[PDB]
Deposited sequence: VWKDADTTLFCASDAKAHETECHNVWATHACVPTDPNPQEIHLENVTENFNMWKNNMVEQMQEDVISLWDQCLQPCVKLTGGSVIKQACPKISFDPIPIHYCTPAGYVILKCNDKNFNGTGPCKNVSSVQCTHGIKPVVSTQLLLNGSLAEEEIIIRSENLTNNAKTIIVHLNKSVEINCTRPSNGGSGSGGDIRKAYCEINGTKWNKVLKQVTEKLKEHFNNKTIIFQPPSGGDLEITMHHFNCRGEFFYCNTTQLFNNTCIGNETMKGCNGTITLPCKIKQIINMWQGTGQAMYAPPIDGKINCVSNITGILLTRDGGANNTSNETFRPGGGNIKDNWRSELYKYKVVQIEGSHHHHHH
C-alpha cells in the first residue's frame, strides 16, 4: 500500500508575529502554523522496519539549522584558512523554539510507538501522523539538552554497538537539570551545577544498561582522548554566548560521599570552530551582566574504545559523534513513506 521515500518536507510551529527573537522570526517566514487538530491513526495489525541511522529527515533539518544559524548567529569575522572576511556582528537574541516537520500531499509520516524501540528493527505499535512532534534545534556536544525522554526505561542507541566507529546515543528516561551561570562584573569564568545524587543515580542506571549490551563486562568512563575543545568539552550556546564546560566530574567512576552538588568549570570563548563546516568564527566580547541557562539533560553521546581483545573491560568516553546525531536523537521514531 505504501513504500519508503524521500521528499521535501515543510515546517510548522507556534511562532507569533509579535515575538522578535530570531528563531521565532525565521519560523514566521519558513513555516506554517501548527496543526490546530492533530490526527493520529493507529494502524491495525501492522509492522514496519525503521532505521534512524539512515533517515533522510535528518538531512532536511540539518539544512534548516544551517539556514537558521546564517541569519541568527552571524559572526563578526570568518577565518576559512583561505580567507579572512569581516562582516556585521549583530547582537544575538536566540532561544530555540519547537519545530514540527510535516509531509506534503501523497506522502505521510510513520511513527513507532514501541516503548523500548532502540532505533533499528521492526516496530509493532505503528501509527500515522502528518507532522513530527515539536523538535527544538539545540546545538550541543556530549550532553543532549532539552530533548524528549525515553517513555519506558533508559535506551542505548547505535547503528552497531560492536562497531567502535559508530556513534552511541544514550536516551535518559528521566532528565537532569544542568544549571549554568556566568556571574557579572576574568569575565570568562563560568560554571555549571548538577545534583550529584540525581546525576550519579542516572549513571548507575545507564552503565547498568550499557553492561547489559556488552555481555556483562565492567563499564568504565574516561575523558576524551583528544580533538578540538568543541569535542573534548560540553559545548553549547547560552543567551548568545558560547559555553565550554569541563565534564571530567560528571563521569566519576568512584561515585558509581558523592551525594552533594558537583560544579563544572566552564569558559566562554569568542573564537570558535564552526560546526556548519570548516573555519573559525569570531564573535564579540562578553556582554556585562549575569548570564544563566538552566537546561534539561535528556541524552548522552558516547564513543567506545576500540582494539580490546583481552579484558574484561569496555571503556566509554563522552562525545562525540556528529551534530546530525542530535537531530537523529529526536527523529529516530519517524520515517517518510509514499502512498502507492
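Unmodelled regions of the deposited chain sequence (numbering from residue 1, in sequence order): 186-192, 264-269, 354-361.
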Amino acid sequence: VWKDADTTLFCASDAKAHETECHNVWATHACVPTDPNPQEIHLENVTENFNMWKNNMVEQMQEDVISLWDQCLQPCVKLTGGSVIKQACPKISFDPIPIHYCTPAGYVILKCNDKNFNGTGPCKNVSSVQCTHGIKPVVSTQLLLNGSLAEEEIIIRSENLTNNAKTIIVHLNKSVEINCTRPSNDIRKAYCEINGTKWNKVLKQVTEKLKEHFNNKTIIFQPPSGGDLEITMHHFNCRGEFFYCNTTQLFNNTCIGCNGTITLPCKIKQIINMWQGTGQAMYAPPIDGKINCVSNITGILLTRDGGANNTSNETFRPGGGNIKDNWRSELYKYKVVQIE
From here on, numbers count along this sequence of modelled residues.
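For the two regions 112-120 and 127-135, the entry's Cα B-factors average higher over 112-120. Taking the PDB entry as given, 74-82 carries the higher mean Cα B factor of the two stretches 138-146 and 74-82. Out of 183, 96, 104, 226, the entry records its largest CA B-factor for 183. The top Cα temperature factor in the record, among 60, 310, 315, 273, falls on 310. Ranked by Cα temperature factor within the chain, residue 56 sits in the middle third according to the deposited record.
In this PDB entry, the Cα temperature factor of residue 191 sits in the middle third of its chain's modelled residues. Remark: residue 230 belongs to the lowest third of its chain, ranked by C-alpha B-factor as recorded. When the modelled residues of the chain are ordered by C-alpha B-factor, residue 306 sits in the lowest third. Residue-level temperature factors show residue 67 in the lowest third of its chain, judged at the C-alpha atom.
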